[PDB]
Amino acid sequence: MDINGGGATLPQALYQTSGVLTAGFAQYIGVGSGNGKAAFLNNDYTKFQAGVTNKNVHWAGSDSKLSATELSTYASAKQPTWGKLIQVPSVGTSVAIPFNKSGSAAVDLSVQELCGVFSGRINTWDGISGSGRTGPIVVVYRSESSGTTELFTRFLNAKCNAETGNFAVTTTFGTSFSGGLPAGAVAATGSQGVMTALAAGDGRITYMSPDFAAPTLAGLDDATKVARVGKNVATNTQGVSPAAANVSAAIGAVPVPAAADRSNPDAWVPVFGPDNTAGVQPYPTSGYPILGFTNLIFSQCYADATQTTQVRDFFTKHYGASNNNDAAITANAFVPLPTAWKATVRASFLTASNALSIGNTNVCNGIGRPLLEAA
């Protein structure tokens, strides 16, 4: 019998790569970050497989952080019997801007053009300078509670200061902008469902996992298909692509979680945000600007000893110095964590004497998420 994870679609092809998940892990089920969080927090397998109730949920992938309410509800309802949850970064990621509008000219968005496209202010292809293109822009967005949406709206919230309204940080893009969606915007479900929709009408644009924004990695560098971001015509500056190499320096510069705050799951997930605001990292000035982390949610404790070992063995691989998942991470258009980040994750969640460690024989004595499923 296996343990069950799922959630965020942004990293699902990574978790579905052979060998990334270790022994005892069922194949990852991509359903969106909101569904993944709900699956874990409520131990509700139907959020992974509709109509299927005879399994427990053991972990989730999410690119949406746990909210204050999610955390407090779990702490009061579940932690006394199941133990503390763990929320940790998995990999760093860009957010790509694929589009379906032919032409050999490179599409290179200034940040303010990106803002105007997603606010509806710029709604024709000839409103993007240097595009070579004409006709209407149709924005495709995620219908459901999405961590890609959260990562993207953090950027819009930080940068888009010149619209007729403001972008809120949210998991539901349809309500992010206080002035509404652009006329004609199209909703679709999942990373893959959005990419299918992008192709279902001409002149469409979206925001997307770099692992799905192009069929091949090198395709992230094709500016006839995946927009460059960061143009500044006044200074004669080209934007760059969402390839992992263009966000990896910025990911690597993100500070490890503050030592005295490590018992708070919120402290483990870095977020980017507005400039000169303590507690959030500013978006990078160099390289590709739209980035963040995708995360993993586990329990510290499982009533079953085999489940506990299985989970530890995954952390040993995914956060290991050797025999790790970094090659697969890169192959999936993502950024590995540096050594000091891996070491910090291991020190809290693997090293046995740490109060936070998975399966700690003192802290987890007699407790943990259940073996059997109960209705």
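One rule holds for the numbers: they count along the sequence shown, beginning at 1.
- Two stretches are in play, 291-299 and 231-239, and the higher mean C-alpha B-factor belongs to 231-239.
- Relative to its counterpart among 205-213 and 175-183, 175-183 has the higher mean temperature factor, C-alpha atoms as listed in the PDB entry.
- Comparing the listed residues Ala200, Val169, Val95, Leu220, the entry records the largest Cα B-factor for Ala200.
- Comparing the listed residues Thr46, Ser64, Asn35, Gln27, the entry records the largest Cα B-factor for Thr46.
- Split the chain's modelled residues into thirds by C-alpha temperature factor. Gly6 is in the lowest one.
- Annotation for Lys101: C-alpha temperature factor in the middle third relative to the rest of the modelled chain, per the entry.
- Looking at the C-alpha B-factors along this chain, the one for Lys225 belongs to the middle third.
- Ranked by C-alpha B-factor against the other modelled residues of its chain, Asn161 falls in the highest third.
- In the PDB entry, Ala75 places in the middle third of its chain by CA B-factor.
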